[PDB]
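> Take these chains first, placed just as they are in the complex:
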Amino acid sequence: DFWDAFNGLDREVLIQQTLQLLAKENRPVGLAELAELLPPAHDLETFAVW
């Protein structure tokens, strides 16, 4: 459990990832598209962040 709490998603890295994705796409990217493009590991928190 200590190592579960040890690691997870990072909000700021997700900010950078979304910035890169939406600069590359240069268009409205829906939630399903963002989840598919960005590899899902902590997908709940990525949806929340988006």
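Nice, I can see it. Numbers count the residues shown, from 1 in each chain, chains lettered A, B, ... in the order given.

> outside of stretch A:1-12, which residues touch it?
Outside stretch A:1-12, the residues that touch it by Cβ atoms under 8 Å, 6 or more residues apart in numbering are A:41, A:42, A:45, A:46, A:49. Yep, even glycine has a C-beta here, placed from its N, CA and C like the rest.

> What is the burial count for the nearest residue to the first one once chain neighbours are set aside?
Once flanking residues are discounted, residue A:41 sits nearest to residue A:9: 7.2 Å by Cβ to Cβ, 6 or more residues apart in numbering. By the measure other Cβ atoms under 10 Å, the count of residues near residue A:9 is 14.

> Also residue A:1?
By the measure other Cβ under 10 Å, the count of residues near residue A:1 is 5.

> can you check residue A:7 too?
Around residue A:7 sit 8 other residues, with neighbours defined as other Cβ under 10 Å.

> Next one: residue A:45 relative to residue A:26, how far apart?
25 Å (Cβ to Cβ, to the nearest Å).

> Specify which residue of these two has the higher count of neighbours.
residue A:45 (14 against 7).

> Chain B goes on too:
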Amino acid sequence: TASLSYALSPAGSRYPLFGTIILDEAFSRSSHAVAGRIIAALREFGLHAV
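Following on from the chains above, chain B is added here:
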């Protein structure tokens, strides 16, 4: 949660007639496994949690 189950359940029925519960800041200070065990307590009491 044990007491609220007590209050919410008349005798006879295994479940209280109102099964829902709400938790603000749920688990804001419990180690991950501790949170899991509390969740297990909720499930033992058989409640629908928020």
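
> same question on the contacts of stretch A:1-12, but now with chain B added
Contacting residues not belonging to stretch A:1-12 are listed as A:41, A:42, A:45, A:46, A:49, B:31, B:32, B:33, B:36 [Cβ atoms under 8 Å, 6 or more residues apart in numbering or on different chains].

> closest to residue A:31 among those residues?
The nearest member of these to residue A:31, counting by Cβ to Cβ, is residue A:46 at 9.1 Å.

> Now do that closest one against chain B, distance only.
Computed with Cβ to the nearest Cβ, to the nearest Å, the distance linking residue A:46 and chain B is 20 Å.

> can I assume that residue sits in a strand?
No - assignment of residue A:46 by DSSP: H, G, I helix; E, B strand; the rest coil gives helix, placing it outside any strand.

> Determine which two of the contacts of stretch A:1-12 are furthest apart.
Across the contacts of stretch A:1-12, no pair lies farther apart than A:49 and B:33, at 26.0 Å, counting by Cβ to Cβ.

> When those two are compared, which one has more neighbours?
Neighbours per residue (other Cβ atoms under 10 Å in any protein chain shown) separate residue A:49 from residue B:33, with residue A:49 holding more: 16 against 12.

> got a list of what the more buried one touches?
In this structure, residue A:49 makes contact with A:9, A:11, A:14, A:15, A:18, judged by Cβ under 8 Å, 6+ apart.
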